[PDB]
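All of the numbers you see were taken from the coordinates with simple rules; none came from a lab. Here the Cβ positions follow ideal geometry from the backbone for every residue, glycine too, while neighbour counts run over all protein chains shown.
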Amino acid sequence: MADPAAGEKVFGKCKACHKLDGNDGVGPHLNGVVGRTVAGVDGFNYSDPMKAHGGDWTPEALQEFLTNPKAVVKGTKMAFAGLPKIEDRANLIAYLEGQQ
Ligand code: HEC
């Protein structure tokens, strides 16, 4: 279910750490994330297992990482448990494709 207006509501879990208006605080800026390199913001202090993992943030890699982030990148500083429903993951990834 690729819906950006419902994905803004699921981004309610992300907005307390991650900033869409080009800014890097507790988490980095999620405006321009789909297709971006893993640890690829020169500006945010990333953990060493995020730099040693590598690749780029595709829809398949994002739905695995938003299911459990400390199981996929083993030793990331992201304190988030998971999005369990496929519907909520497809809604939020459609909003990350709008904020691209
Ligand atoms: C604060 C408690 C966070 C919440 C809630 C969410 N994330 Fe986060 N995110 C946070 C940190 C501290 C980090 C950096 C981890 C590191 O290895 O240094 C991140 C990282 C992500 C990333 C990777 C970003 C990139 O490399 O460009 C993604 C894709 C990410 N987080 C996505 C995301 C989403 C969509 C969330 C809401 C469901 C979410 N994060 C919550 C901190 C926190």
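Work out from phi, with θ = phi - 60° and the Karplus expression 6.51 cos²θ - 1.76 cosθ + 1.60, the ³J(HN,Hα) of each residue of segment 77-82, listed in order in whole Hz, and give x for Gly and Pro.
The phi angles translate into 6, 7, 7, 9, 6, x Hz.
If you take every residue apart from residue 26 with its C-beta less than 12 Å away from the C-beta of residue 26, what net charge results, scoring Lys and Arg +1 and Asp and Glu -1?
+2
What does the charge count around residue 99 come to, taking other residues whose C-beta lies under 12 Å from its C-beta (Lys +1, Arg +1, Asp -1, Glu -1)?
Local net charge: 0.
For helix 86-98, report the angle its Cα long axis makes with the longest principal axis of the Cα atoms of the chain; keep it between 0 and 90° and round to the nearest 10°.
Roughly 80 degrees, rounded to the nearest 10.
What is the sum of charges, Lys and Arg at +1 and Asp and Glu at -1, for the other residues whose Cβ falls under 13 Å from the Cβ of residue 47?
Its environment carries a net charge of +3.
Taking neighbour Cβ counts within 10 Å as the exposure measure, how do 37, 76 sort from fewest upward?
By the 10 Å Cβ count, ascending, the order reads 37, 76.
Could you give the radius of gyration (one decimal) and Dmax (whole number) of the Cα atoms in the chain, in Å?
My reading of the Cα-based Rg and Dmax gives 12.5, 34 Å.
Given only helices, namely DSSP H runs of n ≥ 4 each adding -39500 (n - 2.57), what is the per-residue ellipticity at 222 nm of the chain, to the nearest 500 deg cm²/dmol?
Rounded to the nearest 500, it is -10500 deg cm²/dmol.
Taking neighbour Cβ counts within 10 Å as the exposure measure, how do 36, 89 sort from fewest upward?
36, 89
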